[PDB]
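Asker: below is the sequence, then the experimental coordinates.
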Amino acid sequence: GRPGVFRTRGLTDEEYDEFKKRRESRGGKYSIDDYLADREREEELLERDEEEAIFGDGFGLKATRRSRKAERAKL
């Protein structure tokens, strides 16, 4: 335990700028820990899933549906 009113963990200008933007989004009511919590997401979301076919056995979310053969695209 420590009396750290404002933490950082290791936020560079870019992460902090994002944080500022995100904090402005909250009208200033956005502490670093709120950011750090979603940062715990961002890093998880930084890799996997979006690389196609990681979020399960399929990749339908981002499947390249070219669909050049569709006489009835909407039924």
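Answerer: That came through fine. Numbering: from 1, shown residues only.
Asker: how far does stretch 46-64 stretch from one end to the other?
Answerer: Using C-alpha to C-alpha, to the nearest Å, one end of stretch 46-64 lies 21 Å from the other.
Asker: please, where are all the helices along the chain?
Answerer: With DSSP state H, the ranges of helices along the chain come out as 13-25, 32-42.
Asker: now those in TSV, with mean neighbour count?
Answerer: No exception for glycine: its C-beta is placed from N, CA and C like everyone else's. As requested, the helices of the chain are exported to TSV (neighbours: other C-beta atoms under 10 Å):
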stretch	mean neighbour count
helix 13-25	13
helix 32-42	15
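Asker: could you dump those helices to JSON lines with distance to residue 72?
Answerer: Supplementary listing: the helices of the chain in JSON lines, determined by distance: least, C-beta to C-beta, whole Å:
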{"stretch": "helix 13-25", "distance to residue 72": "42"}
{"stretch": "helix 32-42", "distance to residue 72": "40"}
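Asker: which one of those helices lies closest to residue 69?
Answerer: Nearest to residue 69, of all these, is helix 32-42, at 38.9 Å by C-beta to C-beta.
Asker: returning to that earlier point: and of the helices of the chain, who's closest to residue 66?
Answerer: Distance to residue 66, taken as C-beta to C-beta, is lowest for helix 32-42 among the helices of the chain, at 31.2 Å.
Asker: next, the angle from the closest one to helix 13-25.
Answerer: Relative orientation of helix 32-42 versus helix 13-25 (axes from the mean of the first three to the mean of the last three C-alpha atoms, to 10 degrees): 120 degrees.
Asker: quick one: helix 32-42 to chain centroid distance?
Answerer: Relative to its parent chain, helix 32-42 has a centroid offset of 10 Å by C-alpha atoms, centre = their mean, to the nearest Å.
Asker: I am finished for the moment; much appreciated.
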